[PDB]
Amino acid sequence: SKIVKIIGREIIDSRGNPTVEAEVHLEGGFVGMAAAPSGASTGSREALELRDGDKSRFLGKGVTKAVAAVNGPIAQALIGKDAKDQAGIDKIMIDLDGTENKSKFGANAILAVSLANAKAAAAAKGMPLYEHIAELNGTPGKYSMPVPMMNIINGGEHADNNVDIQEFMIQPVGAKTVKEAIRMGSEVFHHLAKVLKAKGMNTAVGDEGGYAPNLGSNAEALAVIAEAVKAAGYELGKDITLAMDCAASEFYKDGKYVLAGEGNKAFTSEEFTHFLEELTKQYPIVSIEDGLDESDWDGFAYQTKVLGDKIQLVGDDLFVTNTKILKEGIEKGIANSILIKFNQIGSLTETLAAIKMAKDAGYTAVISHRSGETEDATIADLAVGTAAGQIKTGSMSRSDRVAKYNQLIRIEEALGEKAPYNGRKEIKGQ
């Protein structure tokens, strides 16, 4: 219906840093509240989030400016508009901003309202968000419960150990329902902690709820995980598959990839692609995110030609949820998958556009969370509403992560067979 009021406030995320949370009100008492995850405040590739440089507030990470944009212009600009029309609401906001990277109001402001709007509209139509999204996509009944790749071991910049891979994940492909999948992840999660304690390592979770023990090498990280899956009564490859985020840009120096977890050995773009290939042979690894540097396109073309047929090559920093970039990659045969971060683009409309493009190209879409999350679980409704097939929302710890898993349980509970859990079949190259 019609928007009669838009409220914007400043709340705290899962890491203690401020963030925006819109609240679109429609005629009839209907309301839709949503928050925005942490994003990049700097850079010339992705939509930036506006934070106040005010160092006398949250060490300079406040978002009153962005919040002001919501209450100020954004509000008055959306008042009277038909929230039911998503593309339109996201259009009159991105244009008002004027800039391309949404620097004026900030992506953390446009997204907050963008989502809140969708939820508000979904309420007026007497239906869940995942149902409304499906309609906006033009695929109403087309649902599916996303196969989750759960963070379990952290390394690189997200840890202080001899592990290069930023994060190791597990995928309960053997499950028949997302509910069973979540349980499997929980059990392995707790069993890993047992293995880490026996090894005298720290079991204190991280930002994503996973463990960041001081492992002496990449192999050890893969070993502790393998031992966990077994102790949990599951078989590697059959019940659980392994996914990973290399974040290769982190260990890319002087045109080469230096892995400290490999004894500080150096690898050329081509050599690393073969190093990963060898890993996918000794381990059930079926998904590799950012296996190379975002600029190493020539290398990605090679990695895709060698792994793209059997292993899913997900681009995170490579595509930064951008249609232009992803479009070029598709034509140049770069990768075969993309990680979706709606806060990295700004709106739901654009996010949907990115998911559709990947689908049309044969690429897989992995709806992802962010390091700084909130109670919000929109990505859960987004994954199901667009039948993304896969989701990346953390480990089985910390509500900022588990909130998404609980939402998936609620959703699958109300959809049953209407939203099947395809497991492996969702993973490219499977």
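Numbers for residues come from their place in the sequence shown, where the first is 1.
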Exercise. Out of 321-329 and 97-105, which stretch has the higher average CA B-factor listed in the record?
Worked result: 97-105
Exercise. Going by the B-factors listed in the PDB entry, is the mean over the C-alpha atoms higher for 217-225 or for 180-188?
Worked result: 217-225
Problem set entry | Residue with maximal Cα B-factor (values as given in the PDB entry) among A75, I285, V173, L129 | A75
For this session: Sort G372, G385, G43, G389 by C-alpha B-factor from the entry and give me just the highest.
Result: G43
Problem set entry | Position of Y363 among the chain's modelled residues by C-alpha B-factor, lowest, middle or highest third | middle
Seminar exercise, completed: Of the three thirds of the chain ranked by Cα temperature factor, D290 occupies the lowest
For this session: Check where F272 lands among this chain's C-alpha B-factors and tell me if it's the lowest, middle or highest third.
Result: middle
For this session: Tell me, lowest, middle or highest third: where does the Cα B factor of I79 rank within its chain?
Result: highest
Problem set entry | Modelled-residue ranking by C-alpha temperature factor, third containing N343 | middle
